[PDB]
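*Asks:* Would you mind keeping the following structure in view while I ask a few things?
Numbering (the authors' numbering), first residue to last: 1 to 107.
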């Protein structure tokens, strides 16, 4: 068989309190430099509104890489897309993040 590789994937349901998922994302730079070094973009959480439905029931976690949102892949998407995704996203919004092992270091 073949299923998995590293890290773990969790699901989180996000909602919209009012044009505010209740958090912020980072990544996606408007620079398409020739392929050589750092390439591809990523969507991560740098902020999270407590009072927001993202921190409330959302389940999100500051410094978390979004894998999918409402079924929309944003792993290689940009803030623009991510934003739009979460914007055009409907509740409940099924989001997935990639979190390392449950217990990092220290057996």
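C-beta: ideal position from N, C-alpha, C; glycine also.
Report the three-state DSSP secondary structure of residue 81 (helix, strand or coil).
*Replies:* For the purposes of this step, residue 81 is taken as the residue at position 81 of the chain shown. DSSP places residue 81 in helix when its eight states are reduced to three.
*Asks:* Restricting to Cα atoms, I'd like to know which of 7, 48, 52 is closest to residue 61.
*Replies:* In the chain shown, counting from the first residue as 1, residue 61 sits at position 61. It is 48 whose Cα lies nearest to the Cα of residue 61.
*Asks:* Alpha carbon to alpha carbon, how far is residue 13 from residue 68?
*Replies:* In the chain shown, residue 13 corresponds to position 13, counting from 1. In the chain shown, residue 68 corresponds to position 68, counting from 1. Approximately 11 Å between the Cα atoms of the pair.
*Asks:* Short check: CB of residue 114 to CB of residue 40, under 8 Å?
*Replies:* This structure gives no information on residue 114, because the portion of the chain shown stretches from 1 to 107.
*Asks:* Quick test of your reading: residue 37 and residue 78, contact by CB under 8 Å. State the CB separation rounded to the nearest angstrom.
*Replies:* Residue numbering aside, residue 37 sits at position 37 when the chain shown is read from its first letter. Residue numbering aside, residue 78 sits at position 78 when the chain shown is read from its first letter. With a Cβ gap of about 18 Å, residue 37 and residue 78 do not count as contacting.
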